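First the structure, in the form of structure tokens, and then the observations on it.
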């Protein structure tokens, strides 16, 4: 029954500050040091700094020096990490990590490898405010076909914050579905696309509706994805 | 018990290289970091670099990077510092220091220093000193001394009666003669009553020339 | 700082087989190297420390070796749960403690060419400010492919975004979506809109296009 | 890219006085601040580490404080043995020592004890005669030595040096050498050293006759 309990996820506008907590159980907090490691979406782990839980002594990476503050509450076996003057690049998952052994590393004491970790705390740095998505279709046609199969979809654009829960035909359609991961745009609003591969031959008789649910704005968008219609028909 | 002993004063020509030893004893060298710090007379302590002897990891100062190489011979319990392409500007006292752990605070600290090593940068010949007695011609107190003359390079150590006599002793800074050789004096004030019932000897040591003179003063 | 390079970027290994993962350092790390297992949306799990010692509770199929600047992680018999991203960590020099870029170990299968489809922007989006053109490459293998946007034979510079799904649970393929974002009259300027796809699965680059109207 | 400023570069104070040295870093150094004492001739000695952790063996009159970028070293009551150059050290972003503070002691006037030494027989055999004058335990450090050879004031044939301040009585001592060739030394008889100092009512002349 040895774990590290972290505080909930957060959204902060640039230039603000976030204070992530990390409570400890199953061991003597004062006997070990507490480290903080971050991971930006689709990037490597980045070491930030540590706190000696028994004496309150800290050490930080020079990359964060001036913006990071690490504290500990011996009375509640909790460690805190404060990240000031938040920028777009600070959007990451923040983990508190405890090394395998007690004390401080140094010559003949190489202890900076961690066995106990917290689940993580996502901190999203965005000036953007809550916005419901716009849903546009990715209409199937002969130009979307391959071996009797046709591709169709939904472009879920400009929403904040994550997530959007996307289903097809109110759960009746599950096979052949590819819901792509969200991408943070230049505007600071997420965009996403959900595609499905269906039989090409039944495009005129089947109905394909994507159900886009966004709980933060209390917005639900149902879009019918029909085959490519023509404004005009021509020759020469 | 905890001590840090450095190699003796060196005299090296410009362009030549110099290696300084730092012998650790009274503790395990693999448990502490060893730093090298330099100092020109009447000037600041300048940190040059650090070594973790257990793994051989070195951290230098960018102004000293390339020219300074700090290594360690853990079996011999000694740390080394090599300074290549010596310039007249590199003349200083080179110190080694240990950075040990403090359990009651959870921190390391540069806590003990060696005596230092004077690295003279010169093309001039090493010359041993001549030791002349300083005694009065033919008062409750009397003065006796030694004139340590015509030596190169620095330093010379002066002690009295093999270290027994320290109170009332003044060993003066050397003066630079027109010849380019140094001259210094060491004196002692004693009671006029003991200038027969007690012997007085200055112990002059100029290690660069392998000179150790024990001159009795009467 | 010590630059930790994890090679290859991604490695395709069939189950039951031997998985050999590499980690190099910009300078000597002695035997102060650790290995971590990371599954998507999870905290890293320590596997190896001291370059070769196994963390308590870690099953015996995981092992490590190496010293100085070159290291190796070995998974003698690769299981189902074993498919994850692997990170190497140095703890010889601090600050900063550095980790490697990671190696994603995927399940192996045959070379599958992508189904390439181009989607024009809808009238609904065109009625608004922005115009989004989508290039879809679905059910392909291997993961690495290169989608290039071409509008009137002119290449596109940082005018698009892309995302890839996690390897399929049944046919272990990948799907990629690339969105070329414009506006009006940016989209109303040009006629031909296309996406050129370079992949292992087919001889020449696959070009799919459409003309505005 | 971290800078440090140690203030002041030198200070004077009386025994029993409060002495303060400050240090200012260009960035927060998170209490990784240490103070070193360096007496003349000797190597540096750690007094305080991690801002206020006073090293065992160091008297309680020494103390450190500070946080962030601002640090302070205090000697609550200055003692004669405290004459030294003091250094601050930041050890968060690599290692930078301060420019140093030389702490000198102001004390009461003390006249020197003057002594004259003739050249030795050993030295004379070599052809050079060095006459030595000693000014012992005086304050302030400023003192004049006038060499007189048969009542004639000497110039250009003398060299002098002063000691560092004493760690017990806070005084200075001076040694002056008058150098002549054996020939010139044998040409005269009365060799004198005249000393003028603030502590003396009238100058002190110490002399000997050659033979």
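Note: ideal-geometry Cβ built from the backbone for every residue, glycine included; neighbour counts use all protein chains shown. No lab work stands behind these numbers, since they all come straight from the coordinates.
Does residue D:120 satisfy being facing chain B (nearest Cβ under 7 Å) and in contact with a helix residue (DSSP H, G or I) (Cβ under 8 Å, 6 or more places away or on another chain)?
In short, no.
With the requirement that a residue be within 24 Å of residue D:20 (Cβ to Cβ) and at the interface with chain B (Cβ under 10 Å from one of its Cβ atoms), what does the stretch D:96-117 give you?
D:96, D:97, D:98, D:99, D:100, D:102, listed by residue number.
When the stretch A:102-129 is examined, which residues are found to be surrounded by fewer than 19 Cβ atoms within 10 Å (Cβ to Cβ), within 11 Å of chain C (Cβ to nearest Cβ) and within 17 Å of residue A:12 (Cα to Cα)?
If the condition is that a residue be surrounded by fewer than 19 Cβ atoms within 10 Å (Cβ to Cβ), within 11 Å of chain C (Cβ to nearest Cβ) and within 17 Å of residue A:12 (Cα to Cα), then A:122 is the only one that fits.
Give the number of residues within the stretch B:1-27 that are buried (at least 16 other Cβ atoms within 10 Å of the Cβ) and part of a loop (DSSP other than H, G, I, E, B).
Residues that pass the stated criteria total 3.
If we only count strands (runs of 3 or more DSSP E) wholly inside the stretch C:1-112, which ones have 3 or more residues that are farther than 20 Å from residue C:174 by Cβ?
C:4-7, C:19-25, C:33-38, C:45-49, C:62-67, C:70-75, C:85-90
Looking at A:176, A:148, A:171, A:132, which one is touching a helix residue (DSSP H, G or I) at 6+ places or on another chain (Cβ under 6 Å), surrounded by fewer than 19 Cβ atoms within 10 Å (Cβ to Cβ) and at positive phi?
Exactly one of A:176, A:148, A:171, A:132 is touching a helix residue (DSSP H, G or I) at 6+ places or on another chain (Cβ under 6 Å), surrounded by fewer than 19 Cβ atoms within 10 Å (Cβ to Cβ) and at positive phi, namely A:148.
From the residues in the stretch A:28-56 that are within 14 Å of chain C (Cβ to nearest Cβ) and in a loop (DSSP other than H, G, I, E, B), which one is nearest to the chain's Cα centre (by Cα)?
A:41
Among the residues of the stretch A:151-168, write down those that are surrounded by fewer than 20 Cβ atoms within 10 Å (Cβ to Cβ), within 13 Å of chain C (Cβ to nearest Cβ) and in a strand (DSSP E or B).
The answer is A:158, and nothing else.
State which residue is farthest from the other protein chains (Cβ to nearest Cβ) when the search covers only the stretch C:129-164 and only residues that are assigned to a loop (DSSP other than H, G, I, E, B) and more than 24 Å from residue C:188 (Cβ to Cβ).
Here the answer is C:142.
Just checking, which of C:126, C:176 is surrounded by 17 or more Cβ atoms within 10 Å (Cβ to Cβ), under 21 Å from the mean Cα position of the chain (by Cα) and within 12 Å of chain A (Cβ to nearest Cβ)?
That would be C:176, the only listed residue that is surrounded by 17 or more Cβ atoms within 10 Å (Cβ to Cβ), under 21 Å from the mean Cα position of the chain (by Cα) and within 12 Å of chain A (Cβ to nearest Cβ).
Among residues belonging to the stretch D:193-210 that are farther than 16 Å from residue D:174 by Cα and within 14 Å of chain B (Cβ to nearest Cβ), point out the one that is surrounded by the most Cβ atoms within 10 Å (Cβ to Cβ).
Here the residue is D:208.
Give the stretch D:12-44 a look and list any residue that's surrounded by fewer than 17 Cβ atoms within 10 Å (Cβ to Cβ), under 23 Å from residue B:173 (Cβ atoms) and out of contact with any helix residue (DSSP H, G or I) (no Cβ under 9 Å at 6 or more places or on another chain), or say none.
The answer is D:12, D:40, D:41, D:42.
Please work out which residue is nearest to residue D:95 (Cα to Cα), limiting yourself to the stretch A:64-101 and to residues that are assigned to a loop (DSSP other than H, G, I, E, B) and more than 23 Å from the chain's Cα centre (by Cα).
Across the stretch A:64-101, the extreme among qualifying residues is A:65.
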